[PDB]
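Trainee: Handing over my_file_12.pdb, PDB, C-alpha atoms (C1' of nucleotides).
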ATOM      1  CA  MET L 114     -12.740  11.920  12.277  1.00  0.00           C
ATOM      2  CA  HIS L 115     -15.069   9.496  10.450  1.00  0.00           C
ATOM      3  CA  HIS L 116     -14.079   5.803  10.289  1.00  0.00           C
ATOM      4  CA  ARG L 117     -13.636   6.169   6.502  1.00  0.00           C
ATOM      5  CA  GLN L 118     -10.157   7.556   7.304  1.00  0.00           C
ATOM      6  CA  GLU L 119      -9.529   6.006  10.749  1.00  0.00           C
ATOM      7  CA  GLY L 120      -9.116   2.490  12.166  1.00  0.00           C
ATOM      8  CA  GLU L 121      -6.483  -0.168  12.858  1.00  0.00           C
ATOM      9  CA  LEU L 122      -4.130  -0.512   9.882  1.00  0.00           C
ATOM     10  CA  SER L 123      -2.727  -3.925   8.922  1.00  0.00           C
ATOM     11  CA  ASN L 124       0.958  -4.595   9.569  1.00  0.00           C
ATOM     12  CA  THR L 125       1.118  -6.264   6.120  1.00  0.00           C
ATOM     13  CA  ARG L 126      -1.093  -4.056   3.897  1.00  0.00           C
ATOM     14  CA  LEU L 127       1.075  -1.067   2.871  1.00  0.00           C
ATOM     15  CA  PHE L 128       0.048   2.317   1.405  1.00  0.00           C
ATOM     16  CA  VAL L 129       2.352   3.775  -1.258  1.00  0.00           C
ATOM     17  CA  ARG L 130       2.170   7.319  -2.648  1.00  0.00           C
ATOM     18  CA  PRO L 131       2.504   9.592  -4.447  1.00  0.00           C
ATOM     19  CA  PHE L 132       2.485   7.630  -7.697  1.00  0.00           C
ATOM     20  CA  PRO L 133       2.570   8.562 -11.393  1.00  0.00           C
ATOM     21  CA  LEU L 134      -0.266   7.547 -13.726  1.00  0.00           C
ATOM     22  CA  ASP L 135       2.048   4.912 -15.260  1.00  0.00           C
ATOM     23  CA  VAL L 136       3.342   2.935 -12.228  1.00  0.00           C
ATOM     24  CA  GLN L 137       3.050  -0.856 -12.600  1.00  0.00           C
ATOM     25  CA  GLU L 138       2.823  -3.814 -10.208  1.00  0.00           C
ATOM     26  CA  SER L 139       6.046  -5.099 -11.813  1.00  0.00           C
ATOM     27  CA  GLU L 140       7.870  -2.011 -10.497  1.00  0.00           C
ATOM     28  CA  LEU L 141       6.729  -2.477  -6.890  1.00  0.00           C
ATOM     29  CA  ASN L 142       7.590  -6.190  -6.979  1.00  0.00           C
ATOM     30  CA  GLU L 143      11.243  -5.236  -7.570  1.00  0.00           C
ATOM     31  CA  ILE L 144      11.212  -2.563  -4.840  1.00  0.00           C
ATOM     32  CA  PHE L 145       9.184  -4.288  -2.112  1.00  0.00           C
ATOM     33  CA  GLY L 146       9.967  -7.907  -3.124  1.00  0.00           C
ATOM     34  CA  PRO L 147      13.514  -7.945  -1.596  1.00  0.00           C
ATOM     35  CA  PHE L 148      11.805  -7.514   1.817  1.00  0.00           C
ATOM     36  CA  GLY L 149       9.909 -10.817   1.976  1.00  0.00           C
ATOM     37  CA  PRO L 150       7.179 -12.912   0.312  1.00  0.00           C
ATOM     38  CA  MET L 151       4.404 -10.630  -0.956  1.00  0.00           C
ATOM     39  CA  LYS L 152       0.719 -11.495  -0.509  1.00  0.00           C
ATOM     40  CA  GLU L 153      -0.944  -9.176  -3.041  1.00  0.00           C
ATOM     41  CA  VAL L 154      -0.389  -5.993  -5.069  1.00  0.00           C
ATOM     42  CA  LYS L 155      -2.813  -3.486  -6.590  1.00  0.00           C
ATOM     43  CA  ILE L 156      -1.908  -0.265  -8.441  1.00  0.00           C
ATOM     44  CA  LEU L 157      -4.328   2.702  -8.600  1.00  0.00           C
ATOM     45  CA  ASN L 158      -4.633   6.336  -9.677  1.00  0.00           C
ATOM     46  CA  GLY L 159      -2.191   7.988  -7.254  1.00  0.00           C
ATOM     47  CA  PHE L 160      -1.434   5.010  -4.975  1.00  0.00           C
ATOM     48  CA  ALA L 161      -0.925   1.261  -4.624  1.00  0.00           C
ATOM     49  CA  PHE L 162      -1.521  -1.369  -1.943  1.00  0.00           C
ATOM     50  CA  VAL L 163       1.280  -3.863  -1.313  1.00  0.00           C
ATOM     51  CA  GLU L 164       0.442  -6.671   1.102  1.00  0.00           C
ATOM     52  CA  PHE L 165       2.968  -9.063   2.683  1.00  0.00           C
ATOM     53  CA  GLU L 166       2.712 -12.664   3.890  1.00  0.00           C
ATOM     54  CA  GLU L 167       4.530 -11.542   7.070  1.00  0.00           C
ATOM     55  CA  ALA L 168       4.282  -8.455   9.296  1.00  0.00           C
ATOM     56  CA  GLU L 169       8.072  -8.249   9.696  1.00  0.00           C
ATOM     57  CA  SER L 170       8.442  -8.112   5.902  1.00  0.00           C
ATOM     58  CA  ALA L 171       6.029  -5.200   5.499  1.00  0.00           C
ATOM     59  CA  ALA L 172       7.407  -3.423   8.579  1.00  0.00           C
ATOM     60  CA  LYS L 173      10.891  -3.648   7.024  1.00  0.00           C
ATOM     61  CA  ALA L 174       9.711  -2.537   3.574  1.00  0.00           C
ATOM     62  CA  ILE L 175       8.367   0.599   5.282  1.00  0.00           C
ATOM     63  CA  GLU L 176      11.635   1.286   7.098  1.00  0.00           C
ATOM     64  CA  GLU L 177      13.504   0.756   3.794  1.00  0.00           C
ATOM     65  CA  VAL L 178      11.230   1.914   0.928  1.00  0.00           C
ATOM     66  CA  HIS L 179       9.742   4.908   2.745  1.00  0.00           C
ATOM     67  CA  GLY L 180      11.350   7.923   1.083  1.00  0.00           C
ATOM     68  CA  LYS L 181      12.704   6.074  -1.984  1.00  0.00           C
ATOM     69  CA  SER L 182      12.860   7.664  -5.440  1.00  0.00           C
ATOM     70  CA  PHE L 183      10.048   6.970  -7.920  1.00  0.00           C
ATOM     71  CA  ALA L 184       8.756   9.223 -10.727  1.00  0.00           C
ATOM     72  CA  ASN L 185      11.624  11.660  -9.967  1.00  0.00           C
ATOM     73  CA  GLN L 186      10.433  12.249  -6.370  1.00  0.00           C
ATOM     74  CA  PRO L 187      10.606  10.572  -2.933  1.00  0.00           C
ATOM     75  CA  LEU L 188       7.570   8.360  -2.238  1.00  0.00           C
ATOM     76  CA  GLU L 189       6.180   7.318   1.156  1.00  0.00           C
ATOM     77  CA  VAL L 190       5.418   3.919   2.675  1.00  0.00           C
ATOM     78  CA  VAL L 191       3.258   3.272   5.761  1.00  0.00           C
ATOM     79  CA  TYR L 192       0.507   0.927   6.975  1.00  0.00           C
ATOM     80  CA  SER L 193      -2.836   0.940   5.133  1.00  0.00           C
ATOM     81  CA  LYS L 194      -6.417  -0.099   5.931  1.00  0.00           C
ATOM     82  CA  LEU L 195      -6.864  -3.675   7.136  1.00  0.00           C
ATOM     83  CA  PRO L 196      -7.720  -6.290   4.442  1.00  0.00           C
ATOM     84  CA  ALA L 197     -10.132  -9.217   4.603  1.00  0.00           C
ATOM     85  CA  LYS L 198     -12.831  -7.295   6.542  1.00  0.00           C
ATOM     86  CA  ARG L 199     -15.262  -8.533   3.850  1.00  0.00           C
ATOM     87  CA  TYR L 200     -18.193 -10.778   4.821  1.00  0.00           C
ATOM     88  CA  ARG L 201     -17.910 -14.589   4.851  1.00  0.00           C
TER      89      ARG L 201
ATOM     90  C1'   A T   1      -1.269  13.273  -7.249  1.00  0.00           C
ATOM     91  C1'   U T   2      -2.839  10.179  -0.224  1.00  0.00           C
ATOM     92  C1'   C T   3      -6.460   4.259   1.115  1.00  0.00           C
ATOM     93  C1'   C T   4      -8.301  -0.335  -2.487  1.00  0.00           C
ATOM     94  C1'   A T   5      -9.083  -3.821  -1.957  1.00  0.00           C
ATOM     95  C1'   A T   6     -10.869  -8.483   0.806  1.00  0.00           C
TER      96        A T   6
END
Do you think you could lay out the structure here as structure tokens?
Mentor:
Amino acid sequence: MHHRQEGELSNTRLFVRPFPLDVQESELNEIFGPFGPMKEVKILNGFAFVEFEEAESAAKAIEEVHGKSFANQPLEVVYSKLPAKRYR
RNA sequence: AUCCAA
């Protein structure tokens, strides 16, 4: 498969889906926040990316938020594409 | 409703 869908995922950058078209960063901060200090959040059309300041925090938020109720259905949580690959 | 950032 092409590298657009393959590569090493970050232990801190989480993928979250499915989402409604009305999810908010304030919702995910209450769900994922109790798992450690968060680095960044971004909500999008069908998903969001929740990053942690620690790998153990994100790894726990997967093992705890994966399969939780949101928009009347169980969502999923797993590792997402690695951040900070941008040039410098 | 399934990968965007940096």
Trainee: Kindly determine which residues of chain L lie within 8 Å of chain T, considering only C-alpha atoms (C1' of nucleotides), and give the answer as a PDB file with C-alpha atoms, in the frame of the given file.
Mentor:
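To be explicit, this is the file written out as result-v6.pdb:
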ATOM      1  CA  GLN L 118     -10.157   7.556   7.304  1.00  0.00           C
ATOM      2  CA  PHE L 128       0.048   2.317   1.405  1.00  0.00           C
ATOM      3  CA  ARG L 130       2.170   7.319  -2.648  1.00  0.00           C
ATOM      4  CA  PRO L 131       2.504   9.592  -4.447  1.00  0.00           C
ATOM      5  CA  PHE L 132       2.485   7.630  -7.697  1.00  0.00           C
ATOM      6  CA  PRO L 133       2.570   8.562 -11.393  1.00  0.00           C
ATOM      7  CA  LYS L 155      -2.813  -3.486  -6.590  1.00  0.00           C
ATOM      8  CA  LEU L 157      -4.328   2.702  -8.600  1.00  0.00           C
ATOM      9  CA  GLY L 159      -2.191   7.988  -7.254  1.00  0.00           C
ATOM     10  CA  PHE L 160      -1.434   5.010  -4.975  1.00  0.00           C
ATOM     11  CA  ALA L 161      -0.925   1.261  -4.624  1.00  0.00           C
ATOM     12  CA  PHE L 162      -1.521  -1.369  -1.943  1.00  0.00           C
ATOM     13  CA  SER L 193      -2.836   0.940   5.133  1.00  0.00           C
ATOM     14  CA  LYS L 194      -6.417  -0.099   5.931  1.00  0.00           C
ATOM     15  CA  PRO L 196      -7.720  -6.290   4.442  1.00  0.00           C
ATOM     16  CA  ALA L 197     -10.132  -9.217   4.603  1.00  0.00           C
ATOM     17  CA  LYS L 198     -12.831  -7.295   6.542  1.00  0.00           C
ATOM     18  CA  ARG L 199     -15.262  -8.533   3.850  1.00  0.00           C
TER      19      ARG L 199
END
Trainee: What residues come out when you apply the PyMOL selection byres ((chain L and resi 146) around 12) to this file, written as number ranges by chain?
Mentor: L: 138-145, 147-154, 163-166, 170-171, 173-174, 177-178
Trainee: Hey, can you spit out that residue selection with C-alpha atoms as a short mmCIF file (atom, residue, chain, number, x, y, z; two decimals), in the coordinates of the input?
Mentor:
data_model
loop_
_atom_site.label_atom_id
_atom_site.label_comp_id
_atom_site.auth_asym_id
_atom_site.auth_seq_id
_atom_site.Cartn_x
_atom_site.Cartn_y
_atom_site.Cartn_z
CA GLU L 138 2.82 -3.81 -10.21
CA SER L 139 6.05 -5.10 -11.81
CA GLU L 140 7.87 -2.01 -10.50
CA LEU L 141 6.73 -2.48 -6.89
CA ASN L 142 7.59 -6.19 -6.98
CA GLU L 143 11.24 -5.24 -7.57
CA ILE L 144 11.21 -2.56 -4.84
CA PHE L 145 9.18 -4.29 -2.11
CA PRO L 147 13.51 -7.94 -1.60
CA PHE L 148 11.80 -7.51 1.82
CA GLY L 149 9.91 -10.82 1.98
CA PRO L 150 7.18 -12.91 0.31
CA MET L 151 4.40 -10.63 -0.96
CA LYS L 152 0.72 -11.50 -0.51
CA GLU L 153 -0.94 -9.18 -3.04
CA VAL L 154 -0.39 -5.99 -5.07
CA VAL L 163 1.28 -3.86 -1.31
CA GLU L 164 0.44 -6.67 1.10
CA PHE L 165 2.97 -9.06 2.68
CA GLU L 166 2.71 -12.66 3.89
CA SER L 170 8.44 -8.11 5.90
CA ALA L 171 6.03 -5.20 5.50
CA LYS L 173 10.89 -3.65 7.02
CA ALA L 174 9.71 -2.54 3.57
CA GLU L 177 13.50 0.76 3.79
CA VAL L 178 11.23 1.91 0.93
#
Trainee: Have a look at CA of residue 120 (chain L) and CA of residue 187 (chain L) and let me know their distance in Å, one decimal.
Mentor: 26.1 Å
Trainee: Could you state the separation of CA of residue 172 (chain L) and CA of residue 191 (chain L) in Å, given to one decimal place?
Mentor: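 One can read the CA of residue 172 (chain L) to CA of residue 191 (chain L) distance as 8.4 Å.
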Trainee: To one decimal place in Å, what is the distance between CA of residue 119 (chain L) and CA of residue 156 (chain L)?
Mentor: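 Between CA of residue 119 (chain L) and CA of residue 156 (chain L) the gap is 21.6 Å.
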Trainee: Closest to residue 135 (chain L) among L:167, L:201, L:189, L:183, using all atoms listed in the file?
Mentor: L:183
Trainee: Could you give me the axis-aligned bounding box of chain T, with 3 Å of padding per side, as centre plus edge lengths in Å to one decimal, as JSON?
Mentor:
{"center_x": -6.1, "center_y": 2.4, "center_z": -3.1, "size_x": 15.6, "size_y": 27.8, "size_z": 14.4}
